[PDB]
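So basically every Cβ, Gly included, is an ideal-geometry build from the backbone, and we count neighbours across all protein chains shown. Read-outs throughout are calculated quantities, based only on the coordinates presented, and are distinct from any laboratory measurement.
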Amino acid sequence: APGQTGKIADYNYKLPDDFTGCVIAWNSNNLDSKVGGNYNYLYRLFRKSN
Amino acid sequence: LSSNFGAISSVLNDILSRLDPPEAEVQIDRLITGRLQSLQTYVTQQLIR
């Protein structure tokens, strides 16, 4: 959300406060949640610079 | 300047300290509109005097 802080926010994908768009998300259990446990997805929590 | 004009901190630097732009923008907006209104009142008073 514009200006919100967090590991996803500042390290993964930041968003300007003047952002003009839509955020559309839906649970992807039927697609991504599988017996493999979909661990391929990664976030960059630790980083020198936000 | 010392007055907050509805803002939560007198000194603007204290607002800058921890408050983040999503809230800092609105906070400083309130503070700056208050300060500018005060300056407007002062300049008008100076004009009449």
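Here are some notes:
- Dipole of chain A [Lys/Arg +1, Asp/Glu -1 at C-beta], most positive-end residue of A:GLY37, A:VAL23, A:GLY6: A:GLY37
- If only the Cβ of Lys and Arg carry +1 and only the Cβ of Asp and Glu carry -1, the dipole of the protein assembly as shown around its Cα centre is close to 240 debye.
- Dividing the summed -39500 (n - 2.57) terms of all DSSP H runs of n ≥ 4 by the residue count of chain B sets its mean residue ellipticity at 222 nm at -24000 deg cm²/dmol.
- Remark: chain A carries a charge dipole of roughly 300 debye about the Cα centre, counting +1 on each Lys and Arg Cβ and -1 on each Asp and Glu Cβ.
- Here the simple spin-label model places points 7 Å from the Cα toward Cβ, and for B:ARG18 and A:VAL23 these points are separated by 2.3 nm.
- The angle between the Cα long axis of helix B:21-48 and the main principal axis of chain B comes to about 10°, on a 0 to 90 degree scale.
- Packing-based exposure ordering (other Cβ within 10 Å, fewest first) of A:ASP18, B:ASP20: A:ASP18, B:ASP20
- The residue list B:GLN46, B:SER9, B:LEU31 was ranked by how far each Cα lies along the charge dipole of chain B toward its positive end, using unit charges on Cβ atoms, and B:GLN46 comes out on top.
- Taking other C-beta atoms within 10 angstrom as a stand-in for reagent exposure, A:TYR11, B:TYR42 fall in the order B:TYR42, A:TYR11, fewest first.
- Cβ-based net charge around A:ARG47, under 11 Å, with every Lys or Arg adding one and every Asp or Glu removing one: +2
- Net length available on complete extension from A:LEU42 to A:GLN4 is 11.7 nm, with 0.36 nm assigned per residue and the Cα-Cα distance removed.
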